[PDB]
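Protein chains in written order, with the authors' numbering: chain A, 676 to 943; chain B, 35 to 141; chain C, 2 to 1045; chain D, 569 to 622; chain E, 302 to 355.
One structure below.
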Amino acid sequence: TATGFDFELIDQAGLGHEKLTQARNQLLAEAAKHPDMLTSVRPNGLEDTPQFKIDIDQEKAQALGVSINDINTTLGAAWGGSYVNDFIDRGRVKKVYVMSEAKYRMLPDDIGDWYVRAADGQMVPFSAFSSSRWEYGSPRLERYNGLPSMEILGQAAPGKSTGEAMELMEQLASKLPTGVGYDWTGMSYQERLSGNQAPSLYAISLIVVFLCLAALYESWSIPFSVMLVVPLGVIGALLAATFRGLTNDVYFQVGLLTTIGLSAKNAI
Amino acid sequence: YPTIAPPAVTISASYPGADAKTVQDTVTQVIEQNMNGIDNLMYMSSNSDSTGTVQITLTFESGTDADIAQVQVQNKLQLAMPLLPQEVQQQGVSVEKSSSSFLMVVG
Amino acid sequence: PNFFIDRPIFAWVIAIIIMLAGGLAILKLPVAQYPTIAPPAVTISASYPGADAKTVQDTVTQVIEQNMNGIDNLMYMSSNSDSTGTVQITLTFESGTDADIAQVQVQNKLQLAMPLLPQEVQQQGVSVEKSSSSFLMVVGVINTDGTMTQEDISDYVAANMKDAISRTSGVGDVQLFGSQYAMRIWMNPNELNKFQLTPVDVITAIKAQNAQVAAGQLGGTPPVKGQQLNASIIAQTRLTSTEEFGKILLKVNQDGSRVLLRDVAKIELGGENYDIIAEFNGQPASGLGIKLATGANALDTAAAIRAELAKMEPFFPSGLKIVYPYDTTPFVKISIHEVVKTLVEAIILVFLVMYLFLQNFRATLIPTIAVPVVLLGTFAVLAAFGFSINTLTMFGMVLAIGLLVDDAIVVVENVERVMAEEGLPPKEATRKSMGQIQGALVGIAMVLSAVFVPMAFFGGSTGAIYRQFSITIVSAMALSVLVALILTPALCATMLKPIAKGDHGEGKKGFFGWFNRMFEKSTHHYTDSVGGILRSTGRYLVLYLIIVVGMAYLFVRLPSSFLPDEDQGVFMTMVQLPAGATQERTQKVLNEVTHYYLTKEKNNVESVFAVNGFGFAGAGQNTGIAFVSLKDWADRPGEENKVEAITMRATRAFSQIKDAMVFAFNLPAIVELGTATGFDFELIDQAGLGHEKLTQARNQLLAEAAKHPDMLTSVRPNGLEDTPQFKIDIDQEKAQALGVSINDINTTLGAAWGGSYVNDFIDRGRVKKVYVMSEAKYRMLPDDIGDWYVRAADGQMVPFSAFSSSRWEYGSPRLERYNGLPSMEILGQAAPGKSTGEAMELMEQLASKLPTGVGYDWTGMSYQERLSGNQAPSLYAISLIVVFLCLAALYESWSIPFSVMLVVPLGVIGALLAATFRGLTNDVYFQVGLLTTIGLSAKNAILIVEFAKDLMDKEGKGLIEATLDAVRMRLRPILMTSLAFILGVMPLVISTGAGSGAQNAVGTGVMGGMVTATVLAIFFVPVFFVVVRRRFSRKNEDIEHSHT
Amino acid sequence: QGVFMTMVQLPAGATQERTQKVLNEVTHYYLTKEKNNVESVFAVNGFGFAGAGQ
Amino acid sequence: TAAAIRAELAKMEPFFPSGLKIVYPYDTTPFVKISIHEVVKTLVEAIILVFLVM
Ligand SMILES: CCCCCCCCCCCCO[C@@H]1O[C@H](CO)[C@@H](O[C@H]2O[C@H](CO)[C@H](O)[C@H](O)[C@H]2O)[C@@H](O)[C@H]1O
């Protein structure tokens, strides 16, 4: 994108998901307070969903003759599914999945219809050794470079340069709790080191161009007289950009160059 | 367009039934612990999905011959393959070269 | 050529373009200490916790050495089967064999040996790596208050650092000095016996109790029509604490008194391994052992590593500031910086010589500017030729200042000479000088490639050296030549003020002039002399014979060499205890050494990082090592604050008074790679004679080379002799009826004393390991064998004193292997000034008398010397006939070319004699030096004989007449070029610090070589040309002629 | 590019049913008020960009 | 490959029992050898006949 970024907010210390998300609201609300820089600071991930814990009371089955492995894998093969064997149909190998049927594994109540047949020969209801509670948890556990992390997309105000928003983010994500550090990636990475590099390139460009005109003729001042044609070609391109409502994009940029070219040709 | 975007290899594994913390803990951290010592590494990013499918993409320095990156990756992951669970291990981990530029999609 | 003399601005542009091509090719050009020298190798490492030596050799090592079948460019394969259960297979390759393909072929040949390996091995990680050897750097971590112990610190390293600091773009295997946190469970035998339990129930317990679970989903997919909830089932989860681990239940008792883990074994967050302990200055520390990549630039990898770690510094806890024990980086930095400082200085001195000759400042700037631009320019040919800013090419620079100065100098000189000889204005005079010295400049450039090029034709690491040198010299030289045509002559015509006819200084003003008088008066001296010697020829012929032969004897009784040992500012000492030692006694030795260094070396030494448990070939309680860091150089005056004095007398302090062997040393300049005198003999059994017969063959040999003090030094095998072993030859009979099960007896024996990785747990967020082993005291002295019981089929435990046995044998802790077969390795040297080759042949001849199936072979260092070598005589014969042919071209005579080649010794005998007079060695640098030197002589004499023939031909002047005029015209440049050099070189031999051993090695050969060169040739060359041309006739009986 | 796309997201922990609801709405929408611009609408339930989920 | 391989066998020679002998049933090597020696003889000859013609 042009104006903006791909902020990575990273946990570095032995913290937990809750702590990070807390930091994220902290920064996202503190930086949604600057249209003076950033517009649409938004996190790209999935928020904590309602999740349903079945903290088996391990005691109330530990004698019953039932095996944890059996309880787990029946629970599992019940509501998730299991890849078992492979079969050769019509000529081609395919997978063999065994799962519950639809209706007998959907709503929490259905939990009950499931029975573990213990070692002796007696079944056990699941409401005998289980539990049930409702917590939260992310469905998308993101990580950046080996550590827990969370990704905040966002940009800068319509006519503010991407970099300025970046520096203000540095000074804002500066105000975060210990174990929370900052970092950049992808676009904002590729593009972070490559922005204030351009002037050196014109240093080579225009300096080597001046030495060539110094060569052709034989003067150091004559090339000035010829290099003076440069703006002449530009203010016409800009004027067109601004008046056609276009933008300083690359095709305009190489274009701007070519123009500089002929200015120099004719002037030469 | 020309070959423009910095080359990267994605690794994905499916772990039927795993909630996010499970895919982050049986598979994701095991792999993020065994990608130590491949060449030209710019950065690493994981997705531990509530579908049980983990997507760990590694993005590299520009003009880093992909083929070799994809190999140091597939062969540093085929080290942590025993240190993986058996649902995963049997249903395939997948190391692929990554973009999004599908020439065509045919329904 | 000339096009430019009329356009000075065009030429100035060419100057500045080559200049910023210099600077531009300077900011992004490789910088290493050396060129990449180490032949590529792939190391595979395997872990088999609790395994005896013979076990790592037989369960993992030989299963894989059978699957390393069909790898490319394979030079050799070597196994280290360690009694720590860690086997190290090193495969070394042909030179520069791009790692990636080799390492990929090896890992995809190892994936055949992957199913046929244990579940213990396969689970503790097998490792296929690209890697050097010498630690690129070691980064220690400590704490001020020491409110933490080795385990805490080491954890922070392995939980906050070692996971990503090895994930750069050029690090091989970081080696943790400490170990990462783990869930440590220590079984208590008496109370574990009480409540009726084996380790096996502890295993299955913590396993199936503690885990994540393949749960599933509410609203499961595919749902039913109208379904309106989707949410996640989180079932049984993995753990977190030590509580959650105490509470782990094994069985319920009849009354209610449950048997918890908590009770039955002690449960603690503890290291995954308690073998290695790291003490920085006696203070507890945990380090990072960084080994260099398989051909990555050093200072760039360290820069990147310094970047990630400098990024972790904002999240380190209270007081955890990084400490720095060992870095091979600043040596390279300060070294090359001292060579560049010298580049600057040599320029400076040269300008001074030049003022004292051409007493006009704006004229003296002509060749002053002549160099910085031929320099900059070469760096761009290096960027273009795939080289680096290594020591070799750097010394090629500093070295080549001489040819550049000479070229510029003879041009400005020839102009000026003509401007005082006729009275012409500069410009036409410039055109004129050029009209003579032009062709000569291209011909000398040619004969110059003809001598530096064959030197590029050598093989080996050293071959890489001679080629790096040969190129910066020939390349830089072409560049001085083009400068001599575009820029130089335009400058002589341009900034240089005109001297009208016959001015010749001549005091005239009173400072700079009393000189010109001294000198002109003296050039006469010179001329009246040379005439005086051309008078009598035989005499000088004889003196010449004497000079060659003197060169000869001086040459042969000179000790060859390899490279310089440099006080890199950072050294280390190695520790080894007697058979079967303990962690406490090692730590004892290490504490002592640590104490010594902080006293008798209180002013030179700063930090001692003691590494207990990790030696070289591998680990053990017995072995220790100590990376020790010194103070800044400015507080280290004399020669006694240096590596050799410190390490020698330290070694005195520890050798002569100690029980165990402890040495202090500094590693040579090369990161890894063989040294000089010495070798690496591998003695191999081929027809299967077992460990005993082999090691014994090693003893026969260790004694057979003990009968020749005339040759072989340090009669040593480098390995470890067989240690005391304690066998438990289970009688399976007296347990197969007892109600007891074998599988359970094994894994209990193991989990007791070997240990077991069981599950995985969540520490503060980070996955770490789950280990079960005995408690400390129930496995030390042999008796503890008894305290452990197997809970049989019925319910009765059984004593270990029930089914076992017990005896004590011997067997090695390190089963070394070479080329796929069992082997043992004998290091050694040659007598001092004795060649490695002689000792090598005597070694092939003594181990020749060994039992059938025990054969010999060579590796590593000893390889370097067998396929190659002694190519020099032919290389220089090449150089000499090719050069001779070039002089027959240039001179268009066969008999004339001889006169320049005769000047060859004159420059040598000076270098030799300078070496012998200082104490240096016929090492690489002496050869480069002599290269350069024989060069400059060639330059000068060629010039002289050139003028003479011209003046006889293109003026019809006599033989003698012309000879004298030739010498006459150009004594002044020869001296001034030469004199500029020697003064520029002085800094080298005078240099102290940062590889000043190299510098001293340059400066030496060069200075002496030069003195004898000029100061003899400017008297011998006329006698060369004269007597040689008088074994040639036609026209010149004595000549005169005509004109166009 | 002659072909464009729209992204849809249901509130947290929603179901395949509501998703398929929105998607068929949009498909109809394109074939209606855009009957003359749209040729083909390809609806994907369960896979968006933001991540995986019904 | 043949120089290095027959050298490999000659290093294995101190470990061969009674009669456990090497045989060469099949080798593409000497063909290369004589194929080439015939070409050089030809080349040489071509030269000779050229000098003679000239
Ligand atoms: C800024 C310093 C520059 C350095 C310049 C130094 C030049 C001064 C050197 C003076 C020494 C001369 O050394 C040289 O040896 C030869 C020997 O054959 C001598 O030559 C003389 O002796 C021999 C025999 O005795 C012959 O008869 C010959 O006729 C006669 O001229 C010397 O007279 C001189 O020509």
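Quick reminder that beta carbons are idealized off the backbone N, C-alpha and C, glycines included.
Kindly indicate which three-state DSSP category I1040/C falls into: helix, strand or coil?
Translated into the one-based positions of the third sequence, residue 1040/C becomes position 1039. In the structure shown, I1040/C sits in coil (DSSP, three-state: anything other than H, G, I, E or B).
Any beta carbon from chain A within less than 8 Å of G581/D's own beta carbon?
Working through the fourth sequence from its first residue, we reach residue 581/D at position 13. Closer than 8 Å: yes.
Measuring alpha carbon to alpha carbon, tell me which of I90/C, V32/C, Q284/C and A303/C ends up nearest residue 1061/C.
Residue 1061/C is absent from the model: chain C starts at 2 and stops at 1045.
Assign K322/C to one of three DSSP states: helix, strand, or coil.
Position 321 of the third sequence, counting from 1, holds the residue named residue 322/C. The answer is coil: DSSP assigns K322/C none of H, G, I, E or B.
Start and end of the beta strand (DSSP E) containing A47/C?
Within the third sequence, the letter at position 46 stands for residue 47/C. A42 to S48 is the span of the beta strand (DSSP E), which, as asked, contains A47/C.
With DSSP collapsed to three states, give me the class of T724/A.
Taking the first sequence and counting its residues from 1, the one referred to as residue 724/A is at position 49. Three-state DSSP puts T724/A in a strand.
Report all residues from its chain with a CB closer than 7 Å to the CB of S863/A; omit the five preceding and five following residues, and keep chain order.
Counted from its first residue, the first sequence places residue 863/A at position 188. Only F680 and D681 meet the Cβ criterion.
How many Å lie between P898/A and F885/A at the Cα?
Position 223 of the first sequence, counted from the start, is the residue given in the question as residue 898/A. Position 210 of the first sequence, counted from the start, is the residue given in the question as residue 885/A. Their Cα atoms are separated by approximately 6 Å.
Starting from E585/D, find everything on chain C with Cβ-Cβ shorter than 9 Å and list it in chain order.
In the fourth sequence, the residue the question calls residue 585/D occupies position 17. Going along chain C in sequence order, the residues near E585/D (Cβ under 9 Å) are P224, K226, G227, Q228 and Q229.
For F520/C, is the beta carbon positioned less than 7 Å from some heavy atom of ligand 1?
Here the question's residue 520/C lines up with position 519 in the third sequence. The answer is yes for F520/C.
In the DSSP output, what is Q89/C paired with across the bridge?
The residue given as residue 89/C occupies position 88 in the third sequence. Paired residues: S46/C and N81/C.
Note down, in chain order, each residue of its chain lying with its Cβ closer than 6 Å to the Cβ of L851/C, except the 5 sequence neighbours on either side.
For this step, residue 851/C is matched to residue 850 along the third sequence. If we look at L851/C and ignore the five residues flanking it on each side, its Cβ neighbours are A698.
Quick one: what's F682/A bridged to in DSSP?
Counting from 1 along the first sequence, the entry for residue 682/A is found at position 7. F682/A pairs with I827/A and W859/A.
For a quick check, are the C-beta atoms of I671/C and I38/C less than 8 Å apart?
Here residue 671/C corresponds to residue number 670 of the third sequence, with the count starting at 1. Here residue 38/C corresponds to residue number 37 of the third sequence, with the count starting at 1. Result yes, Cβ atoms of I671/C and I38/C sit closer than 8 Å.
Give me whichever residues DSSP pairs with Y790/C in a beta bridge.
In the third sequence, the residue the question calls residue 790/C occupies position 789. Looking at the DSSP assignment, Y790/C forms a beta bridge with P800/C.
Once DSSP output is grouped into helix, strand and coil, what is the label at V773/A?
Position 98 of the first sequence holds residue 773/A. In this structure, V773/A counts as strand in the three-state DSSP scheme.
Does the Cβ-Cβ distance between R815/C and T199/C come in under 8 Å?
Locating residue 815/C in the third sequence gives position 814, where the first residue counts as 1. Locating residue 199/C in the third sequence gives position 198, where the first residue counts as 1. Not closer than 8 Å, so no.
Within 8 Å (strictly less), CB to CB, does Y819/A reach chain B?
For the purposes of this step, residue 819/A is identified with residue 144 of the first sequence, where counting begins at 1. Chain B places a beta carbon closer than 8 Å to that of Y819/A, counting this residue as a contact.
I need the boundaries of the beta strand (DSSP E) containing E693/C, first residue and last residue.
As a first step, residue 693/C must be located in the third sequence, where it is residue number 692. From DSSP, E693/C is part of no beta strand (DSSP E) but of the alpha helix (DSSP H) over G691 to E705.
Just the C-alpha distance for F136/C and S630/C, rounded to the nearest angstrom, thanks.
Position 135 of the third sequence, counted from the first residue, corresponds to residue 136/C. Position 629 of the third sequence, counted from the first residue, corresponds to residue 630/C. The alpha-carbon atoms of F136/C and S630/C are separated by roughly 14 Å.
Name the chain A residues that come within less than 7 Å of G570/D, Cβ to Cβ?
Taking the first residue of the fourth sequence as position 1, residue 570/D is located at position 2. Contact of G570/D with chain A by beta-carbon distance below 7 Å is absent, the smallest such distance being about 20 Å.
Give the secondary structure of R867/C by DSSP, where H, G and I count as helix, E and B as strand, and everything else as coil.
As a first step, residue 867/C is located in the third sequence; it is residue number 866 there, counting from the start. Three-state DSSP puts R867/C in a helix.
Applying a beta-carbon distance threshold of less than 7 Å, which residues of chain B neighbour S133/C?
Here residue 133/C corresponds to residue number 132 of the third sequence, with the count starting at 1. In chain order: nothing, as chain B lies at least about 13 Å away.
Could you tell me whether the segment 992-1007 of chain C touches the segment 393-408 of chain C, using the rule of 3 or more Cβ pairs below 8 Å?
yes
Who are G812/C's beta bridge partners in DSSP?
Along the third sequence, read from residue 1 onward, the residue named residue 812/C stands at position 811. For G812/C, which the question treats as bridged, DSSP gives the partners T724/C.
Got a sec: does ligand 1 put a non-hydrogen atom nearer than 7 Å to the Cβ of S979/C?
Taking the first residue of the third sequence as position 1, residue 979/C is located at position 978. No, the beta carbon of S979/C sits no closer than 7 Å to any heavy atom of ligand 1.
Could you have a look at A627/C and say whether DSSP puts it in helix, strand or coil?
The sequence position of residue 627/C within the third sequence is 626, counting from 1. Here DSSP, grouped into helix, strand and coil, assigns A627/C to strand.
Does any residue of chain B bring its CB to less than 8 Å from the CB of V127/C?
Taking the third sequence and counting its residues from 1, the one referred to as residue 127/C is at position 126. Interface residue, yes.
Using a Cβ cut-off of 7 Å, pull out every chain D residue sitting near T85/B, in sequence order please.
What you label residue 85/B is simply residue 51 of the second sequence in a count that begins at 1. In chain order: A620.
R586/D to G829/A, Cα distance in whole Å?
In the fourth sequence, counting from the first residue as 1, residue 586/D sits at position 18. In the first sequence, counting from the first residue as 1, residue 829/A sits at position 154. If you take the alpha carbons of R586/D and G829/A, they lie about 29 Å apart.
Using a Cβ-Cβ distance cut-off of 8 Å, determine whether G141/B contacts chain D.
The residue labelled residue 141/B in the question sits at position 107 within the second sequence. By this cut-off, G141/B is an interface position.
Counting only beta-carbon atoms, is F617/D nearer than 8 Å to chain B?
In the fourth sequence, counting from the first residue as 1, residue 617/D sits at position 49. False, the Cβ-Cβ gap to chain B never drops below 8 Å.
For the alpha helix (DSSP H) holding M115/C, just list the boundary residues, first then last.
Translated into the one-based positions of the third sequence, residue 115/C becomes position 114. Note, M115/C: premise wrong, no alpha helix (DSSP H); not H, not E.
Quick check on the burial criterion: 16 or more other C-beta atoms within 10 angstroms. Buried or exposed for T749/C?
Locating residue 749/C in the third sequence gives position 748, counting from the first residue. Its Cβ being crowded by 16 or more others within 10 Å, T749/C is buried.
Helix, strand or coil: how does DSSP classify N941/A here?
Your numbering for residue 941/A matches position 266 in the first sequence. Residue state, collapsed to three classes: helix.
Cβ closer than 9 Å: which chain C residues qualify as neighbours of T724/A?
Your numbering for residue 724/A matches position 49 in the first sequence. By Cβ distance, chain C contributes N231, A232 and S233.
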